[PDB]
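Report on the following structure.
Ligands are counted one by one from 1 in listed order, and the atoms in each one are counted from 1 as well. Residue numbers run from 1 in the order of the sequence given. Computed over heavy atoms, backbone and side chain alike; hydrogens, waters and symmetry mates excluded.
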Amino acid sequence: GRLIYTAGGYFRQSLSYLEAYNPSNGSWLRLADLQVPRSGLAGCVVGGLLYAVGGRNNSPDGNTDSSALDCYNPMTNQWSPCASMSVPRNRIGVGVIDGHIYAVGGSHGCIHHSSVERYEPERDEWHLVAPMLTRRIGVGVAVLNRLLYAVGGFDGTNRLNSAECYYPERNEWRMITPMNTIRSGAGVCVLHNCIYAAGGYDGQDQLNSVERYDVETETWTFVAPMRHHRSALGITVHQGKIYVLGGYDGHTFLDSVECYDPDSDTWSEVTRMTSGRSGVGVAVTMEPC
Ligand SMILES: CN(C)C(=O)c1cccc2c1-c1ccccc1C2=O
């Protein structure tokens, strides 16, 4: 029994919610709040533990960018602090390779990071690796065939259609084919042999378009668009289908969750979050307790 966990997010202020959705029965489960509210974080799972990485606490009494790594154990329904990153990273992207967590990009105040660092759970240590060729915040990140991809974002001046790939054994980043669309704050994930980029902000509008990169052919192709335009959406894959959660459509903070079936190239509404929000962290692991 595997669940889609959504951590944090933003509506009026940064949120502390941890809620888990069960696609087998449509149920939502409210779980232990984050110790610190945060939006613009990323979520990921290593060894059945859920991790919340980076973000920012937008609060009535201040805005604090987060370098925090916090671990959630579903067996205990408890959050524990882990080692903090070298720098705060708001609107971060993360990916997991070989049990290690890679933190990519993000902002610290007006600083837009190209820097990248790697967490080793068995030592509770972060270490910096080679930086990206481009500064990227609102960057989408995914892992395919043990290579790490950084897609889109904002470099401080322009929103980006560019993307690049990290080769761990060479500690080296290389540009890949750019997307067909400029996207900041897109949902980026992997399904089969393709990197998907859904939604985001192109500098003028929130997008509903979706495109995917075939690593073998090195081309981006559009698929069916989402039913809702959305930036700052959460995304994950669960049993061969993409789920997108919430985001901002220029008018509302969405509670809509949509599901993409790649066999039929269609999106359907599958549930609503308990409240509209953007900038969530999302990951999949076992059900709690
Ligand atoms: C920058 N960008 C990726 C946006 O989508 C965006 C653009 C203009 C205004 C806003 C946003 C945005 C994104 C998420 C939460 C709130 C906002 C806003 O007020």
**Complete:** Filtering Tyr201, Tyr10, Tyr248 for the heavy atom nearest atom 7 (C) of ligand 1 leaves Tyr201
**Asked** Are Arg230 and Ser256 linked by a side-chain donor-acceptor pair shorter than 3.5 Å?
**Response** yes
**Complete:** for atom 1 (C) of ligand 1, nearest protein heavy atom and its distance come out as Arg159 NH2, 4.0 Å
**Message:** I'd like to know whether ligand 1 has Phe253 as a neighbour, heavy-atom separation below 4.0 Å.
**Reply:** yes
**Complete:** Ranking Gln206, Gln204, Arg277 by closest non-hydrogen atom to atom 6 (C) of ligand 1, top hit is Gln206
**Item:** 4.5 Å side-chain heavy-atom contact, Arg212 and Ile195
**Value:** no
**Asked** Which bit of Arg91 gets closer than 4.0 Å to ligand 1, counting heavy atoms only: side chain, backbone, both or neither?
**Response** side chain
**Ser231 N/O to ligand 1 N/O under 3.5 Å** = yes
**Asked** With a distance cut-off below 6.0 Å to the six-membered ring centre and an angular limit of 45° from the axis, does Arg174 pair with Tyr167 as a cation-pi contact?
**Response** yes
**Asked** So, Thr221 versus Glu211: side-chain donor-acceptor pair below 3.5 Å or not?
**Response** no
**Item:** Distance flag, aromatic centroids of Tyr102 and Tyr166, threshold under 6.0 Å
**Value:** yes
**Item:** Option nearest atom 14 (C) of ligand 1 (shortest heavy-atom distance, choices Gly250, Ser278, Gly247, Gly200)
**Value:** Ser278
**Request:** Using a distance threshold of 4.0 Å (strictly less than), state whether atom 4 (C) of ligand 1 has a protein heavy-atom neighbour.
**Result:** yes
**Message:** Using a 6.0 Å distance limit plus a 45 degree cone around the ring axis, check whether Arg159 lies over the aromatic ring of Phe154.
**Reply:** yes
